[PDB]
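Engineer: Dropping the structure in here first, questions after.
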Amino acid sequence: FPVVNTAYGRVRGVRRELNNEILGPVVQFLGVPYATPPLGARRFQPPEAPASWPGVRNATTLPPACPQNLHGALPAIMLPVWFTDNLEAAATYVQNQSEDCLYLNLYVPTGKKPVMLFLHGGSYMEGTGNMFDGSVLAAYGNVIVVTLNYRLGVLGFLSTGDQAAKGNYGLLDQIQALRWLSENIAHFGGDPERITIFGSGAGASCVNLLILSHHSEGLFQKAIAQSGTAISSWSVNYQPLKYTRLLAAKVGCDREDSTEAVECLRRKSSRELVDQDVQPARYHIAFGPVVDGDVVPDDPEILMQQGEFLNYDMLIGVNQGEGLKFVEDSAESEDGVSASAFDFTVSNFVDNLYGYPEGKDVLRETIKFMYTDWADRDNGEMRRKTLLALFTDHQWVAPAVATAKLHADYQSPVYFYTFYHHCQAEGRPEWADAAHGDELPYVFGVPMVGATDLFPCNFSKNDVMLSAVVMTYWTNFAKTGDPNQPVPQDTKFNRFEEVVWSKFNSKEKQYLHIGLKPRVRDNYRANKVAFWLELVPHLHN
Amino acid sequence: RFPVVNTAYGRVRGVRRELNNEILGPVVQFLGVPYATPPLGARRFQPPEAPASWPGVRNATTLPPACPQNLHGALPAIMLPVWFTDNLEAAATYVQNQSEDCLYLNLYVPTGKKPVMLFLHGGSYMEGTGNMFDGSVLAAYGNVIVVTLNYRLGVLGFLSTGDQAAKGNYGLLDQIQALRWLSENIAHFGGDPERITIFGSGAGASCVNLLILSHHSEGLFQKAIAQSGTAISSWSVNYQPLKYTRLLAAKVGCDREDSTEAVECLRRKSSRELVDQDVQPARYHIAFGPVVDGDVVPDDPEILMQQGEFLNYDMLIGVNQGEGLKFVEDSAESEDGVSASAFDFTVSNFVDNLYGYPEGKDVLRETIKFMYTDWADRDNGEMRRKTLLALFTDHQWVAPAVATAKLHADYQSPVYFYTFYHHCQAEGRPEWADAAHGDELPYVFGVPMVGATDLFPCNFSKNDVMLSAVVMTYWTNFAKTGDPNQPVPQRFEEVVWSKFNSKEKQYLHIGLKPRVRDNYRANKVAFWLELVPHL
Ligand SMILES: *[C@@H]1O[C@H](CO)[C@@H](O)[C@H](O)[C@H]1NC(C)=O
Ligand SMILES: *[C@@H]1O[C@H](CO)[C@@H](O)[C@H](O)[C@H]1NC(C)=O
Ligand SMILES: *[C@@H]1O[C@H](CO)[C@@H](O)[C@H](O)[C@H]1NC(C)=O
Ligand SMILES: *[C@@H]1O[C@H](CO)[C@@H](O)[C@H](O)[C@H]1NC(C)=O
């Protein structure tokens, strides 16, 4: 039970030991506050510094999670596959919901060590940071993995568009946890000048929105964005006042005055606000990051094109097939999806995503022709793989390449990768590969610790080898900034020895094809990526 | 030896010229056999008729005169074959005795009934002759009777006004007359009037397909081989015949408002006055050519095949790798292909003078620019030639060939498809180009089996001789029974040619490494046939 004196008092951890023999013991400080709780009048206000406590504080038990409703109407497509499949197992973690969230979990192993802050969340109104045990990652890579809880949903992202409720309260909590780390990690042994930030899904969009901000000026140095970006359709909210008024009407006080409505919402209880069941438009979000002027000044799209950011390092990537939830109705059919429904599915994809009345018949017919296999036009079974790739390319792959190019034009080291592996789960078909959010088990060393309630995968030796490689690639980035130099790719127990990860250049757009058969490719779907970035903007507008 | 064969109109005497090879037997050549009454006078601009019988024995030993033409004028460069345009001076020695007393017929009888393979020459509709191709090697190797003819070309055989004064299609009516003459007299020479194959290239194939879509040639021939040509191209038929007829007439001597008066005066002028008048059509279009009138081609070459109105002949279509080699001609002597600033210039010009639709060309121009790009190698520059060349090959030749093959197979009829992939090593041709337009003609006629000629000065290696024997076997086998695989055994040994079905679009990859592929340019072909009409 080591005691480490911080700048706000003293805490006490534990010395829990991992189940492996090649991993040393770690010291865990679970439940370290980093902001005064927004229990009362602090709701819909930015966080502040914590209050110092006398004596020594218990830090052993996992902290309570921010209020959320895991059995409501959450956006299903945004969530990772393992979150939706194992919903009952994931609901056990979020049981002690309370507004006294905003705690911090530290996993210190046993020069100053690096720090790796993890921004959780598949959507903007679900999840908690207790699901990810970073003890294995911290011990293997000799880094200090830290996971946090931040306000979610209405409580942390409600905005009206005016000064009454600016919004982005969840983003300010993430910045506050970075400021706390920049001032208190030296005692635990970390280095405040080598702070790495990483996430996945909606957390990855928070990483990119944190980069294009002035509040996070000199807090962290590097960044990782796994299967996420800040220019997707479901990244930022462009209709904040509309969804607030629907919420205000449902609770009971839809006052005309913006200030009056906000004050009433502060009077109501937390559970009443969370369980209101407000549903947004398809492929969008209801409550999320809102452009206000402080955190996100004007627009994520405009911000990167104007070159206004502090030039951080980056490590972007995507998976093979992430639109696995785009094709779900035709998932138990003997032979794929029929041509009657392929046209209807593609047609619906355009109204609720483009919907432009300035010429749509040409746009609808152009993408029907391109996402086809004219050499095997009447296959039928592979129309699923084509429809799955239509959603993956448009929503994930194309924005990731556009972000990598914009971050590499202004000189900044950028590393691109594609994940081509998954574990044989229970309820997933054998034709899909590397669904959304499937890189998390390997980056956190799940196969090296065994099966988990969230991951019922039966990991073989090949899955163990891949995890020891992904963690090595990720950790080397946090140590020096290049996934190759500080640590070699040795078995320590293999085609990973001879491969060198090269930078992503705007004209030589190389990447690393992570998998069981790695290879440094040259261009990821250059035909389909260029279709969405070059041709499509010339069709509707 | 000078054998004599009696026909229905008289007697003719041939020659027994022996070939330069040992594995080929001697052939008998009846050069200059008439098949229509010579239309010198008022018979101009009128359909032909049967010849007049000649008493005694007629001599058929020397090659006949060619129809009037202007081979040193402003001919369509793109339409003509590559071997014709390069050796324009060597090809002009054949067309020297130009006279209106053309419409003769050349026969090459080898040494029970043998098939007949009538060859329809022509790269454009106003040039060429039947003497350029010596079908002695093809006749001796395949044991068939090869026939080459001369028909009226250009103004004298295709001038039309759209009225009854001059219907047009006079050149087409002459080709049918040769078939009618062959179907009525080839029995004496030893041929089989029930197995008459017709084949051609370039503008010969365009009038092969037009002969299928007609009622005049109902029970005359049986099969058809179309090499690099269709009836649905831009330069296949003429849709504005009156505009060019008025342009020609006003240039020569006449601007009479009445159509009949203009036709009568044109008959008064000499043949050389009309031919050498230098009338130029629009780009990728023809000035004097086949025109829809109602007698030969009733309604439209596109409409007729869509309604399934023909007599269900066997067919054999094909194309080459790159035939638009003349499309990329100005930027042919540059260090690094074509510049990206000149790529969208030729594509915009291609859309400008070929579609020209005021219903929105901005979307069409950007779509075909993006389709024909190599984003994996966006900055190659030299490779941009291979995509500009392939843009013209796909639009003009490959897409109509596949559309014609499908439409002739939906209505039950055998169709065979091929793609040529070999060429002769010339002197003025670039090393990267492959199988330009008309580069399959030397192989089908067995030129390498006899040696390089004036028209084809390429140095033919041992592979070219091997390929020519195979190509002449497939063509001969088709003309014998209709199946290029069965009658005569032949990596060509184990290769079998499969029919072209509309859903199983198999073809043959003729070349040094034969294969039976499944979909030729499926992505690009389906772009022109399906997406473009929606744009
Ligand atoms: C820390 O936790 C232990 C629980 O075993 C408790 O006994 C102890 O009093 C705590 N120390 C504090 C609150 O300072
Ligand atoms: C994992 O293995 C156990 C024991 O063999 C089995 O019961 C279970 O179904 C397996 N699960 C998967 C996803 O393969
Ligand atoms: C016919 O041709 C033969 C062979 O060339 C020749 O000997 C004969 O004189 C010719 N007859 C006439 C009338 O020209
Ligand atoms: C033709 O090619 C052969 C084979 O390489 C060579 O021996 C011969 O000299 C060549 N002749 C000419 C005229 O190029």
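The chain as shown is numbered from 1 upward.
So this one's electron microscopy, 3.3 Å, going by the header.
Placement of Cβ uses the backbone N, Cα and C atoms for every residue, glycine included.
Quick paste from Swiss-Prot:
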| type | residues | note |
| --- | --- | --- |
| CARBOHYD | B:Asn59 | N-linked glycosylation site |
| DISULFID | B:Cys67-B:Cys102 | disulfide bond |
| CARBOHYD | B:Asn97 | N-linked glycosylation site |
| DISULFID | B:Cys254-B:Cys265 | disulfide bond |
| DISULFID | B:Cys424-B:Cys458 | disulfide bond |
| CARBOHYD | B:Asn459 | N-linked glycosylation site |
Engineer: Per DSSP, B:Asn459 (N-linked glycosylation site) is which: helix, strand or coil?
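Structural biologist: In the DSSP reduction, B:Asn459 (N-linked glycosylation site) maps to coil.
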Engineer: Fill in the CA-CA distance, B:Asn459 (N-linked glycosylation site) to B:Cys265 (disulfide bond), as an integer in Å.
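Structural biologist: Rounded to a whole number, the Cα-Cα distance is 51 Å.
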Engineer: Considering only the recorded positions B:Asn59, B:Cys254, B:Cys265, B:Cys424, B:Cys458, which residue has the minimal Cα-Cα separation from B:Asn97 (N-linked glycosylation site)?
Structural biologist: B:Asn59
Engineer: Given the recorded positions B:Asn59, B:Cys67, B:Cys102, find the one whose Cα is closest in space to the Cα of B:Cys254 (disulfide bond).
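Structural biologist: Going through B:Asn59, B:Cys67, B:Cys102 one by one, the closest to B:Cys254 (disulfide bond) is B:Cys67.
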Engineer: Look at the break of 7 unmodelled residues running from B:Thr111 to B:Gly112 and give the Cα-Cα distance across it in Å, whole number.
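Structural biologist: It comes out to 12 Å between the two Cα positions.
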Engineer: Quick one: of the disulfide-bonded residues B:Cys67, B:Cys102, B:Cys265, B:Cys424, B:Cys458, which has its CA closest to the CA of B:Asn59 (N-linked glycosylation site)?
Structural biologist: B:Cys102
Engineer: From the Cα of B:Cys458 (disulfide bond) across to the Cα of B:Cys67 (disulfide bond), what is the distance in angstrom?
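Structural biologist: Here the two Cα atoms lie 29 Å apart.
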Engineer: Compare the C-alpha of B:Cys102 (disulfide bond) with the C-alpha of each of the disulfide-bonded residues B:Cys265, B:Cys424, B:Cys458, and give the closest one.
Structural biologist: B:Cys265
Engineer: Ranked by the number of other Cβ atoms within 10 Å of their own Cβ, which of the disulfide-bonded residues B:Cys67, B:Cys254, B:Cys265, B:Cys458 ranks first?
Structural biologist: B:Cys67
Engineer: Once you note that 10 residues are missing between B:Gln490 and B:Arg491, how far is one Cα from the other in Å?
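Structural biologist: Roughly 10 Å, rounded to a whole number, separates the two Cα atoms.
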Engineer: Within a 10 Å radius around the Cβ, which one of these disulfide-bonded residues has the most neighbouring Cβ atoms: B:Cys102, B:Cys424?
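Structural biologist: Its Cβ has the most other Cβ atoms within 10 Å: B:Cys102.
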Engineer: In whole Å, note down how far the CA of B:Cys265 (disulfide bond) lies from the CA of B:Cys424 (disulfide bond).
Structural biologist: 48
Engineer: I'd like the Cβ neighbour count for B:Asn459 (N-linked glycosylation site), meaning other Cβ atoms within 10 Å of its Cβ, all protein chains included.
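Structural biologist: B:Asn459 (N-linked glycosylation site): 11 neighbouring Cβ atoms within 10 Å.
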Engineer: B:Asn59, B:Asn97, B:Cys102, B:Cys254, B:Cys458: which of these recorded positions put a Cβ within less than 6 Å of any ligand 4 atom?
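Structural biologist: Near ligand 4: none of them.
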Engineer: Do any of the recorded positions B:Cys67, B:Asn97, B:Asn459 touch ligand 3, in the sense that the CB is under 6 Å from one of its atoms?
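Structural biologist: Correct list: empty, so none.
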Engineer: Rounded to an integer, what is the Cα-Cα distance in Å between B:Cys265 (disulfide bond) and B:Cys458 (disulfide bond)?
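Structural biologist: Between the Cα atoms of B:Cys265 (disulfide bond) and B:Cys458 (disulfide bond), the distance comes to 47 Å.
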Engineer: Neighbour count, 10 Å Cβ-Cβ cut-off, for B:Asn59 (N-linked glycosylation site): what number do you get?
Structural biologist: 11
